[PDB]
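Given next, in structure tokens, is a single chain: the form deposited in one PDB entry.
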């Protein structure tokens, strides 16, 4: 089974950029838009869970609405010469009527819509 195109709109679309210094937390924004007539459930995933704090990391976007997801890069030891293998992904699914975690649990993979972003470190 093939996966369906992403329903949400993403800003940025492909790239999450983090500019140093990395002494303090570096927050970058990921705006998710729901331009549809139905509420859309979303979950944020990443290849480096312990390096970030994502607020919110999941939830529901109302119809015709937009959410600012704060991707927070925790302070670390930056090596300019190392390439950030860090990636993110937004999974989405249509919220069933009159409705959570029980929904995600029984969601088959083609029911999920994926969008991947790559993390870029500068300075």
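Here the rigid core means the biggest group of C-alpha atoms that line up within 1.5 Å when the two forms are laid on top of each other. Positions refer to the first chain, counted from 1. Shifts are known only where both forms have a C-alpha.
A second form of this protein, the form deposited in another entry, is not displayed here; the remarks below concern that form.
K.L.:
Using a core superposition, identify the member of 84, 66, 58, 36 whose Cα displacement between the shown form and the other one reaches 2 Å or more.
P.N.:
Going through each option, the one that shifts is 84.
K.L.:
So the C-alpha spacing of residue 11 and residue 80 changes by 3 Å or more in that other deposited form; is that change toward closer or farther than shown?
P.N.:
Farther apart, by at least 3 Å.
K.L.:
In that other deposited form, the Cα separation between residue 78 and residue 16 changes by 3 Å or more relative to the shown form; did it shrink or grow?
P.N.:
It is farther: in that other deposited form, the C-alpha atoms of residue 78 and residue 16 lie at least 3 Å more apart than they do here.
K.L.:
After a core superposition, which runs of 3 or more consecutive residues shift by at least 2 Å in C-alpha position between the shown form and the other one?
P.N.:
Runs 76-85, 108-110 stand out as displaced between the shown form and the other one - each at least 3 residues long.
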